Structures are given as structure tokens and as C-alpha cells.
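Below is upload-v2.pdb, which holds PDB, C-alpha atoms.
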```
ATOM      1  CA  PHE M   1      75.442 129.622  85.486
ATOM      2  CA  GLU M   2      77.529 128.340  82.597
ATOM      3  CA  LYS M   3      79.898 125.403  82.955
ATOM      4  CA  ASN M   4      83.308 126.805  82.035
ATOM      5  CA  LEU M   5      85.432 123.683  81.605
ATOM      6  CA  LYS M   6      87.573 123.331  78.493
ATOM      7  CA  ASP M   7      85.565 122.543  75.333
ATOM      8  CA  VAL M   8      82.553 123.528  77.497
ATOM      9  CA  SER M   9      81.613 127.141  76.708
ATOM     10  CA  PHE M  10      77.813 126.839  76.829
ATOM     11  CA  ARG M  11      75.007 127.210  79.332
ATOM     12  CA  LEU M  12      74.991 123.932  81.256
ATOM     13  CA  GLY M  13      71.504 122.751  82.114
ATOM     14  CA  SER M  14      68.382 124.739  82.873
ATOM     15  CA  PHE M  15      66.283 125.084  85.997
ATOM     16  CA  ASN M  16      62.874 126.198  87.155
ATOM     17  CA  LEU M  17      62.420 129.020  89.657
ATOM     18  CA  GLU M  18      64.681 127.823  92.473
ATOM     19  CA  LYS M  19      63.182 128.931  95.782
ATOM     20  CA  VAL M  20      61.748 127.687  99.068
ATOM     21  CA  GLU M  21      59.131 129.036 101.447
ATOM     22  CA  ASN M  22      61.514 129.872 104.299
ATOM     23  CA  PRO M  23      64.747 131.839 103.761
ATOM     24  CA  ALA M  24      66.554 129.926 106.518
ATOM     25  CA  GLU M  25      65.005 126.515 105.766
ATOM     26  CA  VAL M  26      67.863 125.394 103.518
ATOM     27  CA  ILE M  27      70.485 127.039 105.754
ATOM     28  CA  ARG M  28      69.183 125.401 108.935
ATOM     29  CA  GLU M  29      68.785 122.100 107.082
ATOM     30  CA  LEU M  30      72.427 122.351 106.004
ATOM     31  CA  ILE M  31      73.524 123.069 109.576
ATOM     32  CA  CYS M  32      71.580 120.116 110.981
ATOM     33  CA  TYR M  33      72.863 117.768 108.261
ATOM     34  CA  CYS M  34      76.387 118.947 109.077
ATOM     35  CA  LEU M  35      75.708 118.192 112.744
ATOM     36  CA  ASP M  36      74.468 114.701 111.848
ATOM     37  CA  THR M  37      77.485 113.870 109.694
ATOM     38  CA  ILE M  38      79.990 115.217 112.236
ATOM     39  CA  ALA M  39      78.245 113.067 114.851
ATOM     40  CA  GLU M  40      78.669 110.026 112.600
ATOM     41  CA  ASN M  41      82.302 110.924 111.904
ATOM     42  CA  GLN M  42      83.164 111.346 115.594
ATOM     43  CA  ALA M  43      81.393 108.100 116.497
ATOM     44  CA  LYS M  44      83.461 106.229 113.921
ATOM     45  CA  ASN M  45      86.548 108.102 115.156
ATOM     46  CA  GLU M  46      86.072 106.752 118.674
ATOM     47  CA  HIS M  47      85.148 103.266 117.445
ATOM     48  CA  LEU M  48      88.193 102.887 115.210
TER      49      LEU M  48
ATOM     50  CA  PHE R   1      67.005 130.448 130.833
ATOM     51  CA  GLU R   2      65.181 128.844 133.751
ATOM     52  CA  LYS R   3      66.093 126.937 136.911
ATOM     53  CA  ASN R   4      63.485 125.062 138.970
ATOM     54  CA  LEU R   5      63.956 122.602 141.829
ATOM     55  CA  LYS R   6      62.481 121.486 145.177
ATOM     56  CA  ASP R   7      58.740 122.121 144.629
ATOM     57  CA  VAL R   8      59.105 125.727 143.407
ATOM     58  CA  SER R   9      59.979 127.344 140.075
ATOM     59  CA  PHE R  10      62.544 130.120 139.721
ATOM     60  CA  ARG R  11      64.407 132.189 137.137
ATOM     61  CA  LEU R  12      68.052 131.431 136.324
ATOM     62  CA  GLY R  13      70.456 133.866 134.669
ATOM     63  CA  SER R  14      69.887 135.513 131.310
ATOM     64  CA  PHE R  15      71.642 136.738 128.176
ATOM     65  CA  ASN R  16      71.716 140.498 127.619
ATOM     66  CA  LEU R  17      71.948 139.962 123.882
ATOM     67  CA  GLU R  18      73.264 142.643 121.527
ATOM     68  CA  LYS R  19      71.829 143.050 118.033
ATOM     69  CA  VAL R  20      74.442 142.850 115.267
ATOM     70  CA  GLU R  21      72.993 142.512 111.771
ATOM     71  CA  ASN R  22      74.388 140.910 108.589
ATOM     72  CA  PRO R  23      73.353 137.332 109.439
ATOM     73  CA  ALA R  24      74.672 136.253 106.033
ATOM     74  CA  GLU R  25      78.373 136.481 106.908
ATOM     75  CA  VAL R  26      78.020 134.860 110.337
ATOM     76  CA  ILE R  27      75.912 132.047 108.853
ATOM     77  CA  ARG R  28      78.602 131.525 106.208
ATOM     78  CA  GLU R  29      81.227 131.348 108.953
ATOM     79  CA  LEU R  30      79.146 128.868 110.964
ATOM     80  CA  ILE R  31      78.520 126.559 108.001
ATOM     81  CA  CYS R  32      82.200 126.748 107.007
ATOM     82  CA  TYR R  33      83.075 125.718 110.565
ATOM     83  CA  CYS R  34      80.636 122.807 110.265
ATOM     84  CA  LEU R  35      82.128 121.609 106.974
ATOM     85  CA  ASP R  36      85.714 121.936 108.218
ATOM     86  CA  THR R  37      85.075 120.012 111.433
ATOM     87  CA  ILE R  38      83.262 117.286 109.472
ATOM     88  CA  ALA R  39      86.297 117.044 107.191
ATOM     89  CA  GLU R  40      88.784 116.820 110.063
ATOM     90  CA  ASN R  41      86.662 114.195 111.818
ATOM     91  CA  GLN R  42      86.527 112.152 108.601
ATOM     92  CA  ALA R  43      90.310 112.459 108.269
ATOM     93  CA  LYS R  44      90.694 111.161 111.824
ATOM     94  CA  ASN R  45      88.273 108.354 110.921
ATOM     95  CA  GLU R  46      90.274 107.199 107.903
ATOM     96  CA  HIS R  47      93.625 107.520 109.694
ATOM     97  CA  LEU R  48      92.331 105.468 112.624
TER      98      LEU R  48
ATOM     99  CA  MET C   1      87.941 132.026 120.630
ATOM    100  CA  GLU C   2      85.809 128.910 119.988
ATOM    101  CA  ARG C   3      82.623 128.369 118.012
ATOM    102  CA  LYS C   4      80.494 125.320 118.791
ATOM    103  CA  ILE C   5      77.854 123.777 116.539
ATOM    104  CA  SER C   6      74.899 123.662 118.936
ATOM    105  CA  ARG C   7      71.362 124.681 117.959
ATOM    106  CA  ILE C   8      69.100 125.199 120.968
ATOM    107  CA  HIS C   9      65.859 125.372 118.995
ATOM    108  CA  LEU C  10      64.064 128.534 120.069
ATOM    109  CA  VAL C  11      60.432 127.972 121.000
ATOM    110  CA  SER C  12      59.620 131.559 119.996
ATOM    111  CA  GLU C  13      60.842 131.065 116.414
ATOM    112  CA  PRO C  14      62.392 128.211 114.395
ATOM    113  CA  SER C  15      64.201 130.427 111.881
ATOM    114  CA  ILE C  16      66.505 131.720 114.650
ATOM    115  CA  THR C  17      68.467 129.665 117.163
ATOM    116  CA  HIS C  18      71.393 130.368 119.477
ATOM    117  CA  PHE C  19      74.398 128.838 117.790
ATOM    118  CA  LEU C  20      77.436 128.648 120.054
ATOM    119  CA  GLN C  21      80.360 131.009 119.438
ATOM    120  CA  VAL C  22      81.244 131.285 123.103
ATOM    121  CA  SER C  23      84.068 133.636 124.050
ATOM    122  CA  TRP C  24      84.108 132.645 127.698
ATOM    123  CA  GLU C  25      85.753 134.778 130.367
ATOM    124  CA  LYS C  26      87.350 133.431 133.561
ATOM    125  CA  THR C  27      84.028 131.662 134.175
ATOM    126  CA  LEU C  28      80.836 131.034 132.235
ATOM    127  CA  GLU C  29      79.171 132.996 135.031
ATOM    128  CA  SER C  30      80.990 135.903 133.371
ATOM    129  CA  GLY C  31      80.130 137.309 129.975
ATOM    130  CA  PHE C  32      80.667 135.544 126.664
ATOM    131  CA  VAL C  33      79.536 136.022 123.073
ATOM    132  CA  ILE C  34      76.576 133.952 121.873
ATOM    133  CA  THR C  35      75.422 134.622 118.311
ATOM    134  CA  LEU C  36      71.939 133.628 117.167
ATOM    135  CA  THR C  37      71.145 134.222 113.505
ATOM    136  CA  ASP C  38      68.097 134.238 111.240
ATOM    137  CA  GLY C  39      69.293 134.787 107.699
ATOM    138  CA  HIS C  40      67.471 138.119 107.801
ATOM    139  CA  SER C  41      68.999 139.412 111.051
ATOM    140  CA  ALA C  42      71.634 138.305 113.546
ATOM    141  CA  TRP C  43      72.273 138.931 117.229
ATOM    142  CA  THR C  44      75.290 138.424 119.452
ATOM    143  CA  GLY C  45      74.999 138.649 123.222
ATOM    144  CA  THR C  46      76.644 138.484 126.618
ATOM    145  CA  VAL C  47      75.498 137.195 130.006
ATOM    146  CA  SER C  48      75.337 139.540 132.985
TER     147      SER C  48
ATOM    148  CA  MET J   1      66.693 113.414  98.999
ATOM    149  CA  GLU J   2      70.013 113.355  97.119
ATOM    150  CA  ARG J   3      72.155 116.138  98.602
ATOM    151  CA  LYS J   4      75.898 116.444  97.950
ATOM    152  CA  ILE J   5      78.491 118.984  99.116
ATOM    153  CA  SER J   6      79.389 120.858  95.933
ATOM    154  CA  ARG J   7      79.352 124.501  96.942
ATOM    155  CA  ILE J   8      77.996 127.565  95.132
ATOM    156  CA  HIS J   9      79.123 131.182  94.904
ATOM    157  CA  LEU J  10      77.099 134.355  94.447
ATOM    158  CA  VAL J  11      77.080 136.590  91.409
ATOM    159  CA  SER J  12      76.143 139.534  93.639
ATOM    160  CA  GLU J  13      78.729 138.377  96.222
ATOM    161  CA  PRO J  14      81.565 136.760  94.239
ATOM    162  CA  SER J  15      83.929 137.220  97.196
ATOM    163  CA  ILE J  16      82.157 134.591  99.329
ATOM    164  CA  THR J  17      81.562 131.140  97.863
ATOM    165  CA  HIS J  18      78.502 130.248  99.937
ATOM    166  CA  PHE J  19      79.282 126.810 101.370
ATOM    167  CA  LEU J  20      76.157 124.901 100.369
ATOM    168  CA  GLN J  21      75.661 121.168  99.985
ATOM    169  CA  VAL J  22      73.557 121.070  96.823
ATOM    170  CA  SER J  23      70.211 119.286  97.132
ATOM    171  CA  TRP J  24      68.393 117.742  94.174
ATOM    172  CA  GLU J  25      65.664 115.116  94.019
ATOM    173  CA  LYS J  26      67.083 111.842  92.628
ATOM    174  CA  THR J  27      69.683 110.738  90.058
ATOM    175  CA  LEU J  28      70.538 114.278  88.961
ATOM    176  CA  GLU J  29      71.108 113.105  85.380
ATOM    177  CA  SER J  30      67.310 112.574  85.335
ATOM    178  CA  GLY J  31      66.429 115.905  86.948
ATOM    179  CA  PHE J  32      69.072 117.994  88.710
ATOM    180  CA  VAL J  33      68.636 120.962  91.050
ATOM    181  CA  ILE J  34      71.482 123.240  92.063
ATOM    182  CA  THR J  35      70.608 124.579  95.503
ATOM    183  CA  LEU J  36      70.704 128.311  96.231
ATOM    184  CA  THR J  37      71.936 130.428  99.127
ATOM    185  CA  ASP J  38      72.624 134.170  99.059
ATOM    186  CA  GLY J  39      73.395 134.318 102.783
ATOM    187  CA  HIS J  40      70.057 136.076 103.233
ATOM    188  CA  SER J  41      67.716 133.388 101.869
ATOM    189  CA  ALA J  42      68.858 129.894 100.919
ATOM    190  CA  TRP J  43      66.716 128.257  98.239
ATOM    191  CA  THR J  44      66.194 124.638  97.201
ATOM    192  CA  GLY J  45      64.630 124.504  93.746
ATOM    193  CA  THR J  46      62.813 122.101  91.450
ATOM    194  CA  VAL J  47      63.348 121.099  87.818
ATOM    195  CA  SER J  48      61.743 119.029  85.062
TER     196      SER J  48
END
```

Please express the file's structure as C-alpha cells.
Amino acid sequence: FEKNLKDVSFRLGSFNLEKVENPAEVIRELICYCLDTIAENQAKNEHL
Amino acid sequence: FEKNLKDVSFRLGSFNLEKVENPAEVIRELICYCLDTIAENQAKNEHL
Amino acid sequence: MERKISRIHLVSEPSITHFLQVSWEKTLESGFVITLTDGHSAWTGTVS
Amino acid sequence: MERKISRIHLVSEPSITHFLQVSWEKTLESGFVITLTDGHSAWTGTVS
């Protein structure tokens, strides 16, 4: 990518080869983290 | 899915699944649903 | 209809699990759409 | 495991901004990883 904010017209940062072993590992991890945080949010909803 | 009781195992109903490809779009929809429900639960949290 | 964030972890494979996007008829004994996805393939389904 | 919800969008699929909570290691200003997801294979990378 390139960060495209004003006065920022350069390549922002650099990275190594960004990959994981399992195609769905990051997707399923995201889904489970979303489940955890919605559980926390609903628990605090009921408490408050 | 299964159903066992009273000293004998047995076979409950089942899903006659239908294969529809393009998991990318449906995964995007699912994760968007996750994020949106987390956001609404957090809004309820702060309002409460 | 209604999607539900529920991952029944499939013993046959971890990369795919039946997320809930149930489109329930008059009863859950009747057919409804369940979509399980992989990231490389997806599958809907209905119950007989 | 410092993961924050700042989403990414595809170059091959600019229509869909893939809703991905970015995951990097620790204190991104001392090593920052933008997480990847093309809908088909989500990738968490490494940097130096």
C-alpha cells in the first residue's frame, strides 16, 4: 500500500511476506474474536 | 446430527446440504455481521 | 432472514464449520438455510 | 497479540473492503504487521 493522507504521498512502511499456513486461520480467528467481544459487550449490556 | 437416550443410540435428523461456492463473499458477510453486532452491543453498553 | 454467529466446530475439518444463517420455515423441523464455509469453498443446506 | 479493527481492502477486489481486524505483534511502532485477507485466504504476516 501507500498511505495517501495529505503531505503523505510515499510508500508507508514495508513488510515481509505476509502469509499464514491455513487460508481460513485468520478468518476463523477473526470470527471467534468477534464472538468473544460480542459476548463481553452483551454481558456488560445486561449488567449495566 | 445424533440423538441417543435410554440405553440405545439412534440417528436424529440431518441436513441435505447444497453446495454453493464463493466462500469469500459469504465469509465477508458473516464477519461484517459480527462487527456490526459487536458495535451495536457496545452502543447499548455505553448508553446503559 | 436472520444470521446467527454460531460455530459448531466440525470434527471432520476445522477450516469449515456450520455458521448459522437460518431461514426457518413454520418450524425448525421444516427446511432452513445453513451455510458452512471454508474460505476455499462454501455450502448452504436445508433439513429434510 | 496486538490486534485492532482497522480494516483492509483488496487491490484485486476493490469493491469489497474485507473487514479484517489487523493483527501485529507488539507496539506496532516497533514492528507493525498489516493483516491480509482476500476472502479466499486470510494472512497474518511478520515484519522486522

### Message
I'd like to know which of C:15, C:30, C:46, C:6 is closest to chain J, using only C-alpha atoms.
### Response
C:15

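For chain M, the residues close to chain C, meaning within 10 Å and counting all atoms listed in the file, are residues 22, 23, 24, 25, 27, 28, 31, 32, 34, 35 and 38 of chain M.
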
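Put simply, CA of residue 31 in chain J is 12.3 Å away from CA of residue 1 in chain J.
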
Least-squares fit of chain M onto chain R (C-alpha, ordered pairing) as a PDB file with C-alpha atoms, in the coordinates of the input:
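Result saved to part13.pdb:
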```
ATOM      1  CA  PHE M   1      64.432 131.936 129.249  1.00  0.00           C
ATOM      2  CA  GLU M   2      64.000 130.301 132.638  1.00  0.00           C
ATOM      3  CA  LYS M   3      65.868 127.153 133.622  1.00  0.00           C
ATOM      4  CA  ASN M   4      63.140 124.627 134.410  1.00  0.00           C
ATOM      5  CA  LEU M   5      65.033 121.836 136.160  1.00  0.00           C
ATOM      6  CA  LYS M   6      63.692 120.479 139.439  1.00  0.00           C
ATOM      7  CA  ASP M   7      64.206 122.845 142.401  1.00  0.00           C
ATOM      8  CA  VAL M   8      65.025 125.418 139.675  1.00  0.00           C
ATOM      9  CA  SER M   9      61.923 127.545 139.033  1.00  0.00           C
ATOM     10  CA  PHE M  10      63.584 130.945 138.556  1.00  0.00           C
ATOM     11  CA  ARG M  11      64.973 133.066 135.754  1.00  0.00           C
ATOM     12  CA  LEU M  12      68.443 131.657 135.107  1.00  0.00           C
ATOM     13  CA  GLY M  13      70.985 134.334 134.290  1.00  0.00           C
ATOM     14  CA  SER M  14      70.550 137.636 132.506  1.00  0.00           C
ATOM     15  CA  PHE M  15      71.886 138.949 129.224  1.00  0.00           C
ATOM     16  CA  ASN M  16      72.445 142.164 127.338  1.00  0.00           C
ATOM     17  CA  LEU M  17      70.813 142.835 123.974  1.00  0.00           C
ATOM     18  CA  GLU M  18      71.875 139.726 122.054  1.00  0.00           C
ATOM     19  CA  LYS M  19      72.372 140.667 118.408  1.00  0.00           C
ATOM     20  CA  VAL M  20      74.930 140.855 115.611  1.00  0.00           C
ATOM     21  CA  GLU M  21      75.346 143.120 112.607  1.00  0.00           C
ATOM     22  CA  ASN M  22      74.566 140.493 109.961  1.00  0.00           C
ATOM     23  CA  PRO M  23      71.508 138.210 110.175  1.00  0.00           C
ATOM     24  CA  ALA M  24      73.352 135.323 108.503  1.00  0.00           C
ATOM     25  CA  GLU M  25      76.723 135.922 110.199  1.00  0.00           C
ATOM     26  CA  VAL M  26      76.056 133.471 113.032  1.00  0.00           C
ATOM     27  CA  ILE M  27      74.296 131.007 110.705  1.00  0.00           C
ATOM     28  CA  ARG M  28      77.127 130.981 108.159  1.00  0.00           C
ATOM     29  CA  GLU M  29      79.674 130.804 110.982  1.00  0.00           C
ATOM     30  CA  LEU M  30      77.841 127.760 112.347  1.00  0.00           C
ATOM     31  CA  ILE M  31      77.832 126.120 108.913  1.00  0.00           C
ATOM     32  CA  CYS M  32      81.554 126.714 108.397  1.00  0.00           C
ATOM     33  CA  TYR M  33      82.406 125.467 111.901  1.00  0.00           C
ATOM     34  CA  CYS M  34      80.332 122.364 111.167  1.00  0.00           C
ATOM     35  CA  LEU M  35      82.294 121.908 107.939  1.00  0.00           C
ATOM     36  CA  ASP M  36      85.585 122.231 109.835  1.00  0.00           C
ATOM     37  CA  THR M  37      84.630 119.696 112.499  1.00  0.00           C
ATOM     38  CA  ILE M  38      83.264 117.181 109.977  1.00  0.00           C
ATOM     39  CA  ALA M  39      86.547 117.545 108.081  1.00  0.00           C
ATOM     40  CA  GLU M  40      88.456 116.779 111.285  1.00  0.00           C
ATOM     41  CA  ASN M  41      86.160 113.845 112.068  1.00  0.00           C
ATOM     42  CA  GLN M  42      86.532 112.307 108.599  1.00  0.00           C
ATOM     43  CA  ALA M  43      90.309 112.772 108.672  1.00  0.00           C
ATOM     44  CA  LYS M  44      90.497 110.906 111.973  1.00  0.00           C
ATOM     45  CA  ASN M  45      88.082 108.314 110.555  1.00  0.00           C
ATOM     46  CA  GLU M  46      90.458 107.530 107.698  1.00  0.00           C
ATOM     47  CA  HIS M  47      93.536 107.639 109.940  1.00  0.00           C
ATOM     48  CA  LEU M  48      92.146 105.232 112.525  1.00  0.00           C
TER      49      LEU M  48
END
```

### Task
Apply the PyMOL selection byres ((chain J and resi 24) around 6) to the displayed file and report the matching residues as a list in words.
residues 2, 23, 25, 32 and 33 of chain J

Selected residues written out with C-alpha atoms, as an mmCIF file, in the coordinates of the input:
```cif
data_model
loop_
_atom_site.group_PDB
_atom_site.id
_atom_site.type_symbol
_atom_site.label_atom_id
_atom_site.label_comp_id
_atom_site.auth_asym_id
_atom_site.auth_seq_id
_atom_site.Cartn_x
_atom_site.Cartn_y
_atom_site.Cartn_z
ATOM 1 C CA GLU J 2 70.013 113.355 97.119
ATOM 2 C CA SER J 23 70.211 119.286 97.132
ATOM 3 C CA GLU J 25 65.664 115.116 94.019
ATOM 4 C CA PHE J 32 69.072 117.994 88.710
ATOM 5 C CA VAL J 33 68.636 120.962 91.050
#
```

### Task
State, in Å with one decimal place, the distance from CA of residue 36 in chain C to CA of residue 19 in chain C.
5.4 Å

Could you tell me which residues of chain R sit within 9 Å of chain M when counting all atoms listed in the file, and give me the result as a short mmCIF file (atom, residue, chain, number, x, y, z; two decimals) with C-alpha atoms, in the frame of the given file?
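Saved the output as out.cif:
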```cif
data_model
loop_
_atom_site.label_atom_id
_atom_site.label_comp_id
_atom_site.auth_asym_id
_atom_site.auth_seq_id
_atom_site.Cartn_x
_atom_site.Cartn_y
_atom_site.Cartn_z
CA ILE R 27 75.91 132.05 108.85
CA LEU R 30 79.15 128.87 110.96
CA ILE R 31 78.52 126.56 108.00
CA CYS R 34 80.64 122.81 110.26
CA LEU R 35 82.13 121.61 106.97
CA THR R 37 85.08 120.01 111.43
CA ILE R 38 83.26 117.29 109.47
CA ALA R 39 86.30 117.04 107.19
CA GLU R 40 88.78 116.82 110.06
CA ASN R 41 86.66 114.20 111.82
CA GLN R 42 86.53 112.15 108.60
CA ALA R 43 90.31 112.46 108.27
CA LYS R 44 90.69 111.16 111.82
CA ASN R 45 88.27 108.35 110.92
CA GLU R 46 90.27 107.20 107.90
CA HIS R 47 93.62 107.52 109.69
CA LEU R 48 92.33 105.47 112.62
#
```

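Taking only C-alpha atoms into account, residue 1 in chain M lies nearest to J:11 out of the set J:48, J:20, J:29, J:11.
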
Each side padded by 3 Å, which centre and which edge lengths in Å (one decimal) define the axis-aligned box around the listed atoms of range 20-23 of chain R? Give them as JSON.
```
{"center_x": 73.7, "center_y": 140.1, "center_z": 111.9, "size_x": 7.4, "size_y": 11.5, "size_z": 12.7}
```

### Ordered Cα pairing of chain J with chain C, RMSD after least-squares superposition
3.6 Å

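Take CA of residue 27 in chain J and CA of residue 6 in chain M: the distance between them is 24.7 Å.
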
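Here the PyMOL selection byres ((chain M and resi 18-20) around 6) captures the residues residues 16, 17, 21 and 22 of chain M; 43, 44 and 45 of chain J.
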